[PDB]
Amino acid sequence: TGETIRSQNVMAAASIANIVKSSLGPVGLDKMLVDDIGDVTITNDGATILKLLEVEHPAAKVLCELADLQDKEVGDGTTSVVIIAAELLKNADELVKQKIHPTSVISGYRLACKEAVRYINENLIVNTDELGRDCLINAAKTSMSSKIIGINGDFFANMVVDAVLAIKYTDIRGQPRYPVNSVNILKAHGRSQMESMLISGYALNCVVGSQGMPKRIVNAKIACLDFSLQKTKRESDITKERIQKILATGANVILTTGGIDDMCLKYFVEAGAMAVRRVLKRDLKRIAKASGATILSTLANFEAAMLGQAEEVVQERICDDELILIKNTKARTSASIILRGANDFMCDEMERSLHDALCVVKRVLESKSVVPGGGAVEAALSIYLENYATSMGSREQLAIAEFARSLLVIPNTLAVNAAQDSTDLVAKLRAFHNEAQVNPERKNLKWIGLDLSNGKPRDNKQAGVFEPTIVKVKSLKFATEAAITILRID
Amino acid sequence: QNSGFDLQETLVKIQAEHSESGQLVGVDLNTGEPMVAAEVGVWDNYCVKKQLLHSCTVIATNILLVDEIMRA
Amino acid sequence: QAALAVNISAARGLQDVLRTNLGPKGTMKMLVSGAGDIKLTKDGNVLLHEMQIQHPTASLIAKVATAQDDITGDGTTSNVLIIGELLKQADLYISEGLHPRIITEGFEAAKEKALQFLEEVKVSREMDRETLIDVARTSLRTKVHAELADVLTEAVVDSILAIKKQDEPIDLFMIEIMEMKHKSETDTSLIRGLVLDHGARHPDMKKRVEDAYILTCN
Amino acid sequence: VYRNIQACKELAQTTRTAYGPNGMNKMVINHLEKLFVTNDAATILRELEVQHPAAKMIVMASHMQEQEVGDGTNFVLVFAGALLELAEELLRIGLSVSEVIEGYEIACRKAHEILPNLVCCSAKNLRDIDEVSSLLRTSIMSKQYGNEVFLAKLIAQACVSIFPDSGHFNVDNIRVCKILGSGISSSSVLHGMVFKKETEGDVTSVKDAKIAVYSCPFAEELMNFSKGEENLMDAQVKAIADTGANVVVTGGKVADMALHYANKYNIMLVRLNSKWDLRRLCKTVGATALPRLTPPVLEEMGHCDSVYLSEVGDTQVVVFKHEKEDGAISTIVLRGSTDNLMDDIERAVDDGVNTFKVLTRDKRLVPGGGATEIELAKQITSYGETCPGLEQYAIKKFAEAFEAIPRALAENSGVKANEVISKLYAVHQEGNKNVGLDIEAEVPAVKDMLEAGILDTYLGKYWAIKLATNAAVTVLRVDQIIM
Amino acid sequence: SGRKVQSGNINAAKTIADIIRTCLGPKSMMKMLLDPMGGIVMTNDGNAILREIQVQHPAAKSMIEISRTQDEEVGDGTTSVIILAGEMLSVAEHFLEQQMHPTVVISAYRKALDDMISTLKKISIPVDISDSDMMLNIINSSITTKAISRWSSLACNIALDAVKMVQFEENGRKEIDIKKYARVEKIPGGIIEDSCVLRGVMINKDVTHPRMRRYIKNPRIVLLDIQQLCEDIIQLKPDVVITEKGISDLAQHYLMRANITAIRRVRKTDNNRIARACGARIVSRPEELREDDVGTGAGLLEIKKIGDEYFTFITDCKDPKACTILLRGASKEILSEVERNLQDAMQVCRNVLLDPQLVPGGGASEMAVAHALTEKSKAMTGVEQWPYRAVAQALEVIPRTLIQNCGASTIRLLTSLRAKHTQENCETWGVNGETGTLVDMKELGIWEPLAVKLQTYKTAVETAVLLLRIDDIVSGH
Ligand SMILES: Nc1ncnc2c1ncn2[C@@H]1O[C@H](COP(=O)(O)OP(=O)(O)O)[C@@H](O)[C@H]1O
Ligand SMILES: Nc1ncnc2c1ncn2[C@@H]1O[C@H](COP(=O)(O)OP(=O)(O)O)[C@@H](O)[C@H]1O
Ligand SMILES: Nc1ncnc2c1ncn2[C@@H]1O[C@H](COP(=O)(O)OP(=O)(O)O)[C@@H](O)[C@H]1O
């Protein structure tokens, strides 16, 4: 037995979608994955799901490698591309089942993809400029939402966005760049989380190497070293010649990762240095690149100019903790965030929220061309493409029409995964975007999407729910290519 | 059992009470507790009990004396 | 709910199997092996150590019973009968609820009372030859024929009263049972010192040794 | 006992979806294999021939409920089913049937003595036809959908207000005449009893007319037989026309000779009489049947005061009015595409009539639409934890059984039951008794309907609660029987 | 798919939850295990039966692993977690069926657990530290009802020293503790009372030839893994150096020339405890040599042979964080219970340092917290309140199983307990575990550690949300 093989391929694609459908979105459910030996696997995102999924049917496999190659380009939306492709496949298979030849389907899908990708460029947003302040803060708070830490959350958002914008790079290409490992969390004791303020640079809690440091020195050349200044029994005891030579080269603040010297206090006040222990290697490289220096395997054999410099060093006790304020180096990379509370363990939620805010702000800072989130883009394309098809004229009317209808599967999945009624929310989105083009007065209504925190229609340009333009463009193009490749098989 | 309480526990309490006291303690079918059963007006008939004592014994011994059922 | 019933049935079956062994007048069973050789015995310990039991928990009962009562002398079949009867009596009350913990508490209280009763009933008549005769007869007539037991009681009691001089009970090495295959089974006595299994190729070397010195040393 | 609970639960689940104005229709195939569409719970249950004896008990309890309240049977089914299904898990916990029985009895008494504390009653009286018609919209919305209630309430109330004599009201006089034709809006009201005849030799202005109801309705030798038949027919018609008989009714056909004989004495030939008319005529004008055509005697002869044909509805129908009570009988004329939707309309009319009669027995009304149900549930479940002993679990379960009904109404409306019941229960603490569920909104929103006037009866609800509780108690007592 | 997958997961959860629901309490029933060969074992422990049983459903395997990993974390309560998770999932049955998404259920459960933590922190009666009387009361509450009834004194003294020889003032005030650095010596032989505690680690190994000095007034133990290192040790000249290489007679005299006493054939199990007791630093790289090569070790050493075997006695250590608890007796059938009891006692001391409290036992704490949630739920609104009440109601499972495996009827006893408990303001009445009768826990002298209770409740709630978060299991068979 066996008939209309394309139907079986479409059913396989639909099954692959239904495996991953409910997992889309931050509030998506988890999945249990079992192998032959019975290993455990719990995850939400579908990229690793398809990475570890055991697919058997060839047509489903094709979707698997298309999702995989989608992952290698932008690393996001693989669930969305798979769902869009499956919906397009089922709609096109239906259209074939009412005897429309698939060549017109493919032509209409290609034309609709081109029309939509051209429409994206004319309806995107570039508000992620220096003037975007409230949107950044509320986007960071939506990333930080469902947390009690939101009482002082606005101050945290302000300080974190200020730190990430100040630490911004300037690469050869010119596009803004930000090092993720440059900033890190740092616990504090005493006053609660409501008083956790900004730290202008990287600070390490260690022994006071030199308390007599000037508040703002004229020049603070950071000289990170690994060799310890300990007495033994080019020098037999590496205590004086190394530090004297590195000071004579020009370095002012000489940092030794190892332990301190017994008499180093006298040397470090007359040379503007200090021996700070427990320097993290992941942070040692960060401070070396901030100053502009590099780690030294050995001081023996550079140090006059290779070792980086800073224009001020502060040695003061803050919130019952003395910190080594090696801040404002040559390159703005040295930064840290103080976490006020009792310990690292109960502050896991706030450090995780700070990390996610950093990630989302760094994602929206680059790729200045941005689009609204929460399904606003899908509703906008669905409004555009139906009318465009109706105004197109040729035999590919139904192809583009079903393309427009299939672009509204993502909002349905988002609404389901948010426990809200899918049909009501998608209908509200589509109706809100109806007047976004029908009535030119409601021109600002184009940025209307789902509020996943509650499941209500709301503007997301103000709310800051943002995605890169390139990610969505390549997602749509990959989905259309996969749909064409599958539909051209019989 | 019908009142819902524990079967053996109620009888244990009743027998413990009746052992020390010559009063014919009874069962109260709302709390599973021993009760004097005289002032509560739970009296049952007498001739019924007297006839029952004979009527149970006769059928008991008759059934217990049977042997080798036959297919007549 | 039903596991208890299964255990009850297995214990009752084991009890019923071991019913017709208790007492000197009780009949004796015989054991057959796959090889063909057979053993004829009545003691409960060997019966439980040699029987091929079907039910699993019955095998549990047999194994644990033998393991515990190896310490004392005997009473194995009596123990099995008593545990089977205990289980049956407890079942007659369990069948109408009666959560097993209450039955356990009753069992423990009865054990305490019985221990005190046995403590106050035990009779401490001073030891002599006659009481040892009686104990030997009672412990021997429950494992072998009547007159064979009567013959063997004198030998065993004389050996034991000989041993008793140390004022401390010791066993194993000090009493040795030799085995041989003479037709006249009526011959059964005790020999002091040691009896060696066999000798060597010596034509009338010493025979009546009388006084001797022992060095051996292999 | 669990099999009986399962049977009652399935029976309740079958008719649960029909609760309220948003009831699903049912495909009803009768014994004689006829198509039938309806949503009324009583109609399907009276057609449902269930087999489990517990189902028999619950259905006959519902029948007794309909006997003296006229409606709410769907409510008692849903309520008793909820009570039994909760009693199922209460028994599964390990409780006894007896103690849950006393708990349910205590809860029922508590509900009965707290019910009269929701006073949203009739305004002034059964009069003010428009006002009471607005009051009578409850059962109309219940059975028929809310689309046609505006006219159905007026048609149903204008007819029952015709004869408000001495405060005594009766149902049997209220009848509905089947008239197919144009749309529903063309339906109207009339006074008396309406049925159609065949011949046109009709006289309108008639004095006291004696109704003649028939128990049994309608070559030389050839000429001799024809003449004999003529003589026999003439003798029969003159026997009919004896004692000055002026009106005659019959379920048979007409004939040219028969109509000639009828017009010989100037008597109308009422023919094609409905099969239901033979004894309703006897009970409405004091008539009686005739074994044949020769023995109409004055002693066994009917008596009607007005016998005239009415052309209302563009159909020829004779209506009897100005009877002995001069207003007792009052029919309702209908108009619709077919009898299928006519049945639901007339059943809604009957429900309105019964609710009005309950109002005659009780001018006291209570809020409806899930208001009183959740109010009683709140009161009972608040009283529950204040009562020590084992009856407390039965009390909370009785409260949950009350909770069940608004959930059923919500899921019939198509909205999420859990969300709306949570919102309604939460608001009822401060948004007091008059709050309740809203039908129109797709979002699960609540709405106060003291202003809406949708208020169900008091005595009917009291009897429904009592009888459903008694039914659940009785079915809980039986243990088993071999089957 | 759909609801069916979650239903299967939670049914497999409930089955293994109620397979051993009777196995806790002082009157636990004994379960029956048979392998398919006739072998028979009689078991009374939940961990053992859950280990030996074989099940295939992934949810059951996950929860069994959760229980197993929670066993080492806290010890006691390893079955109450499973019972609580199973009952919570069994009550979530009724909300999964009425078509509400698992997300609101997870939110309600998390809110309930947040209330759980605060309510537990409220009603817990305070308890002091190291005071003998209520410490022994705790010992009777938890350690007893086992095979150490007639030997509780040895366990008491071992626990009392143990809670004081593993103190870690690393980042706070002694709040850090470990259960693996205690130099326990379980050597059979002699009466069980021969056990004793000795300050400092001791090693089962020593020099093969004792023609040499081992004990010095200032033992500077140095860890180490060719004589070049031997005469490079002279950088500071530590008296004793611990290594893992064999020493010859000429090599031994080379050590004497180097003023060191090396050791051979010593495992890491001894080396790490030596390092903890002495607080030294290991270094062997020639470039890594500095002033920090040698850290001062213990404060004394002794040469002694106990039980006809050569030992090394590191007594009076600089840091009393790795000391010796010697243990001699007939065999090990009593001392595994001693080990678990001392682990429990160290956890009790650690939490009393953290939160010096003891929640009432015998379901009194369960009743208190259930009453707190069922009264708090009345005020807060939302459809999420149904799971909020359901978790509190299902938390009553501990008293019901306690009464169940006692003979008494659970329903009447539970109703009497709850109805009494509501009117009572701050009584925390519980149920006697041996007779199944209501009794105030302060009178009965039964109490539970706060940390283990918090861990049990949090782990149960987390397992519930984990098993209700799963939306599908299909990745193959
Ligand atoms: N807070 C939010 N509200 C609404 N939509 C969101 C939110 N966060 C992310 N999304 C949507 O989720 C989509 C990406 O989800 P997904 O495909 O699961 O990620 P990945 O591809 O990394 O697995 C984006 O297109 C974005 O629109
Ligand atoms: N407009 C309305 N809005 C909400 N509820 C209504 C409305 N109309 C009627 N109801 C409810 O419907 C219930 C009765 O409906 P139903 O069970 O179908 O018939 P019956 O009257 O025989 O019980 C009443 O309890 C009433 O509260
Ligand atoms: N003698 C007792 N009386 C009352 N309650 C007890 C008694 N012994 C233990 N419990 C209760 O039983 C619960 C479970 O403890 P236990 O069964 O000993 O270990 P586990 O929790 O590992 O099964 C404890 O919370 C305790 O309150």
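Numbering starts at 1 and runs along the chain as it is shown here.
Determined by electron microscopy, 3.7 Å, according to the entry header.
Just so it is clear, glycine is given a Cβ too, placed from its N, Cα and C backbone atoms.
For the annotation phosphoserine, the record in Swiss-Prot points to C:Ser189 among the listed residues C:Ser124, C:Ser189. Looking at C:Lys183, C:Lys206, Swiss-Prot tags one of them with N6-acetyllysine, and that residue is C:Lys183. Its Cβ placed at the centre, C:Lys183 (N6-acetyllysine) has 6 other Cβ atoms within 10 Å. Its own atom aside, the Cβ of C:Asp74 (Mg(2+) binding site) has 15 Cβ atoms within 10 angstroms in the protein chains shown. Taking all protein chains in view, 9 other C-beta atoms sit within 10 angstroms of the C-beta of C:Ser189 (phosphoserine). C:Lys183 (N6-acetyllysine) sits 31 Å from C:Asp74 (Mg(2+) binding site), taking the Cα positions as reference.
Across the structure, C:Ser189 (phosphoserine) and C:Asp74 (Mg(2+) binding site) place their CA atoms 24 angstrom apart. Secondary structure at C:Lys183 (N6-acetyllysine), taken from DSSP and collapsed to helix, strand or coil, is coil.
Under the DSSP three-state reduction, C:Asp74 (Mg(2+) binding site) is assigned to coil, being neither helix nor strand.
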